[PDB]
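> Here it is, the structure, as structure tokens.
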Amino acid sequence: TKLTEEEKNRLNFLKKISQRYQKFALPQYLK
């Protein structure tokens, strides 16, 4: 597929970059 794959990738890319992107702001917690 073209949607499932991409959507499935975002979950990996986000979690992959999250490792380094946790100080810039971290929108995770409430805002």
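For what it's worth, the authors' numbering labels the leading residue of the sequence shown as 2, then goes sequentially.
Backbone N, C-alpha and C define an ideal beta-carbon position, used for all residues, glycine too.
Given this structure, state the Cα-to-Cα distance separating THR5 from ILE18, to the nearest angstrom.
Taking the first residue of the sequence shown as 1, we reach residue 5 at position 4. Taking the first residue of the sequence shown as 1, we reach residue 18 at position 17. Taking the straight line joining both Cα atoms gives about 20 Å.
> My output table needs one value for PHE25: the three-state DSSP class, helix, strand or coil.
Taking the sequence shown and counting its residues from 1, the one referred to as residue 25 is at position 24. For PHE25, the secondary structure class from DSSP, reduced to helix, strand or coil, is coil.
> If you follow the alpha helix (DSSP H) that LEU4 is part of, which residue opens it and which one closes it?
If you number the sequence shown from 1, residue 4 lands on position 3. 4 to 19 is the extent of the alpha helix (DSSP H) around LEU4.
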